[PDB]
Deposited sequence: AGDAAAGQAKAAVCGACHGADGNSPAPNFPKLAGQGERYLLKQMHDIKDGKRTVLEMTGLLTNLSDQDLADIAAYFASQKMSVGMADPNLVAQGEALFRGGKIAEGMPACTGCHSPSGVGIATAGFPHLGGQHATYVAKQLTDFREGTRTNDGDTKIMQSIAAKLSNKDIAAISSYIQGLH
């Protein structure tokens, strides 16, 4: 159990890339605001011990205690993710995939598990990178099941671009 109030100051070093409140202004860096505390904490441990490699964060988590990480996670989880706009040329394809999946190819809809990390409002650039990394097996911290890797295997590049654009505007 983290202390959100204590996490705010401990999160100051993170704001340079993720935003003071976790709402990053630049699309390369993911928004952390409003993300689930348990998801955030798991990603922090995965990044810290190398199960998920984020070279841009090398050395930042090294000296944070497990309590420090829980406080920071609690702080970001207490914020609210800001919501962007979808591209009108892509949003229909992206929303149809998000709500309906690809029934023909046995791909479940995203709404089954993602309303679990929060997705709605996340930068499209960041989401597309994660879906592509999942598909290519470069991100592998999705458990022994490899659910996201198996799901992203069914998405084309056009699918990923459209779903990512839809998610960016989702609220």
| property | result |
| --- | --- |
| Deposited-sequence ranges lacking C-alpha coordinates, in sequence order | 116 to 125 |
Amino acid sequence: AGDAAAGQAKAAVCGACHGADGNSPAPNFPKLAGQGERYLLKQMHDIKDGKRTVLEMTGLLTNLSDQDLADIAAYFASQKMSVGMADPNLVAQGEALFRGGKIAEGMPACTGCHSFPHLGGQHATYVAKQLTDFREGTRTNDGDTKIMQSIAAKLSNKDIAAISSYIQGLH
From here on, numbers count along this sequence of modelled residues.
| query | finding |
| --- | --- |
| Mean C-alpha B-factor comparison - 103 to 111 and 56 to 64, higher one | 103 to 111 |
| 160 to 168 set against 1 to 9, stretch whose average Cα temperature factor tops the other in the entry | 1 to 9 |
| Selection by C-alpha B-factor (highest) of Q122, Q35, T145, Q130 | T145 |
| Assigned third (lowest, middle, highest) for the C-alpha B factor of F29 | lowest |
| Third of the chain's Cα B-factor distribution that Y39 belongs to, per the entry | middle |
| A153 CA temperature factor, ranked by third within the chain | highest |
